[PDB]
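Undergrad: If it helps, the file is called final-v3.cif and holds mmCIF, C-alpha atoms and all ligand atoms:
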```
data_work
#
loop_
_atom_site.label_atom_id
_atom_site.label_comp_id
_atom_site.auth_asym_id
_atom_site.auth_seq_id
_atom_site.Cartn_x
_atom_site.Cartn_y
_atom_site.Cartn_z
CA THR Q 1 -32.39 -15.34 7.07
CA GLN Q 2 -30.32 -12.16 7.56
CA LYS Q 3 -26.70 -13.32 7.32
CA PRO Q 4 -23.89 -11.62 9.24
CA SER Q 5 -22.39 -8.57 7.50
CA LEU Q 6 -19.59 -7.29 9.70
CA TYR Q 7 -16.57 -5.14 8.97
CA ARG Q 8 -13.03 -5.42 10.24
CA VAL Q 9 -11.14 -2.30 11.19
CA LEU Q 10 -7.48 -2.27 10.12
CA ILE Q 11 -4.44 -0.20 10.92
CA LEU Q 12 -1.57 0.03 8.43
CA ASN Q 13 2.08 0.32 9.34
CA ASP Q 14 4.07 3.48 8.73
CA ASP Q 15 7.56 4.65 9.72
CA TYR Q 16 6.43 7.70 11.74
CA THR Q 17 3.78 6.79 14.29
CA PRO Q 18 5.32 5.77 17.64
CA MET Q 19 4.79 2.22 18.84
CA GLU Q 20 3.43 3.56 22.15
CA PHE Q 21 0.78 5.58 20.35
CA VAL Q 22 -0.40 2.49 18.47
CA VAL Q 23 -0.66 0.58 21.76
CA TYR Q 24 -2.68 3.54 23.14
CA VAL Q 25 -5.03 3.49 20.13
CA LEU Q 26 -5.62 -0.25 20.54
CA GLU Q 27 -6.29 0.03 24.29
CA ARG Q 28 -8.53 3.07 24.02
CA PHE Q 29 -10.54 2.59 20.86
CA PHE Q 30 -10.58 -1.21 20.62
CA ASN Q 31 -10.61 -2.15 24.33
CA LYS Q 32 -7.45 -4.25 24.02
CA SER Q 33 -5.50 -5.24 27.07
CA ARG Q 34 -1.94 -3.89 27.26
CA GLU Q 35 -0.57 -7.26 26.17
CA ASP Q 36 -3.07 -7.79 23.32
CA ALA Q 37 -2.47 -4.20 22.14
CA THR Q 38 1.27 -4.79 22.16
CA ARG Q 39 0.75 -8.06 20.23
CA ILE Q 40 -1.27 -6.40 17.47
CA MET Q 41 1.12 -3.41 17.37
CA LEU Q 42 4.08 -5.75 16.76
CA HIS Q 43 2.18 -7.74 14.16
CA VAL Q 44 1.43 -4.58 12.19
CA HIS Q 45 5.06 -3.43 12.50
CA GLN Q 46 6.30 -6.71 11.02
CA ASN Q 47 3.58 -7.48 8.46
CA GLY Q 48 2.17 -4.10 7.40
CA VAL Q 49 -1.43 -4.39 8.51
CA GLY Q 50 -3.48 -5.77 11.38
CA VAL Q 51 -7.00 -6.31 12.60
CA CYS Q 52 -8.21 -4.05 15.41
CA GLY Q 53 -11.77 -5.37 15.76
CA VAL Q 54 -14.92 -6.45 13.91
CA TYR Q 55 -18.12 -4.42 14.10
CA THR Q 56 -21.30 -3.54 12.30
CA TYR Q 57 -20.63 -1.13 9.41
CA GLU Q 58 -21.62 2.10 11.19
CA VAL Q 59 -19.64 1.18 14.31
CA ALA Q 60 -16.58 0.31 12.19
CA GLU Q 61 -16.91 3.71 10.47
CA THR Q 62 -17.06 5.34 13.92
CA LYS Q 63 -13.91 3.59 15.16
CA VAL Q 64 -11.98 4.42 11.95
CA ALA Q 65 -12.98 8.11 12.39
CA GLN Q 66 -12.05 8.18 16.08
CA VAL Q 67 -8.63 6.70 15.31
CA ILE Q 68 -7.88 9.14 12.48
CA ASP Q 69 -9.09 12.11 14.61
CA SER Q 70 -6.90 11.03 17.51
CA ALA Q 71 -3.90 10.28 15.34
CA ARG Q 72 -3.89 13.58 13.44
CA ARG Q 73 -4.44 15.66 16.56
CA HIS Q 74 -1.40 13.86 18.04
CA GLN Q 75 0.64 14.74 14.91
CA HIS Q 76 0.74 11.13 13.60
CA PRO Q 77 -0.08 9.92 10.07
CA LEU Q 78 -1.48 6.57 11.27
CA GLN Q 79 -3.78 5.07 8.65
CA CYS Q 80 -6.94 3.27 9.70
CA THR Q 81 -9.38 1.68 7.32
CA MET Q 82 -12.09 -0.96 7.13
CA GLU Q 83 -12.97 -3.96 4.94
CA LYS Q 84 -15.78 -6.52 4.82
CA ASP Q 85 -14.95 -9.21 7.38
MG MG M 1 -14.96 -13.62 6.77
#
```
Could you render the structure as structure tokens?
TA:
Amino acid sequence: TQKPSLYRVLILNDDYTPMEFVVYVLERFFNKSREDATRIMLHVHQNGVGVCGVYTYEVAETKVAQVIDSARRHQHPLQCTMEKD
């Protein structure tokens, strides 16, 4: 049997990226509702890290890349990474 092997995408808190931009990232790249995006945004602000979604490895890599691309082009240092789920 092929067991599941999925990967969670994380964002890390920083003191520079605006809250509104994080909500945007979550809505756009992780299909979060405004409320759910706000929820995750606040969790990351308070606790340092949060889960954006869980995907197959290649899809997780794609989302991490899209977030970093978007963040840097918007002049924000937002860190996005992935880990085995
Ligand atoms: Mg697990």
Undergrad: Taking all atoms listed in the file into account, name the residue in Q:13, Q:56, Q:70, Q:46 that is nearest to residue 28 of chain Q.
TA: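 Nearest candidate to residue 28 of chain Q out of Q:13, Q:56, Q:70, Q:46: Q:70.
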Undergrad: Point out the residue among Q:12, Q:52, Q:65, Q:6 with the least atom-to-atom distance to ligand MG 1 (chain M), counting all atoms listed in the file.
TA: Q:6
Undergrad: Dump as a list in words all residues having an atom at most 12 Å from (-0.2, 1.8, 22.8), computed in the file's coordinates with only C-alpha atoms.
TA: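 Every residue inside that radius is included here: residues 17, 18, 19, 20, 21, 22, 23, 24, 25, 26, 27, 28, 29, 30, 31, 32, 33, 34, 35, 36, 37, 38, 39, 40, 41, 42 and 71 of chain Q.
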Undergrad: Dump the neighbourhood of ligand MG 1 (chain M) as a ChimeraX atom specification: all residues within 12 Å, distances computed on all atoms listed in the file.
TA: /Q:3-8,54,83-85
Undergrad: Identify, on the basis of only C-alpha atoms, every residue whose closest approach to residue 11 of chain Q does not exceed 8 Å; exclude the query and any residue fewer than 5 positions from it along the same chain; express the result as a VMD selection string.
TA: chain Q and resid 44 49 to 52 78 to 81
Undergrad: Hey, can you check how far atom CA of residue 73 of chain Q sits from atom CA of residue 61 of chain Q?
TA: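 Taking atom CA of residue 73 of chain Q and atom CA of residue 61 of chain Q, their separation equals 18.3 Å.
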Undergrad: At what distance in Å, to one decimal, does atom CA of residue 14 of chain Q lie from atom CA of residue 72 of chain Q?
TA: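 Straight-line distance from atom CA of residue 72 of chain Q to atom CA of residue 14 of chain Q works out to 13.7 Å.
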Undergrad: As an exercise, work out the distance from atom CA of residue 57 of chain Q to atom CA of residue 76 of chain Q in Å and give it to one decimal place.
TA: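 Straight-line distance from atom CA of residue 57 of chain Q to atom CA of residue 76 of chain Q works out to 25.0 Å.
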Undergrad: From the set Q:9, Q:15, Q:69, Q:82, which residue has the shortest atom-to-atom contact distance to residue 48 of chain Q, counting only C-alpha atoms?
TA: Q:15
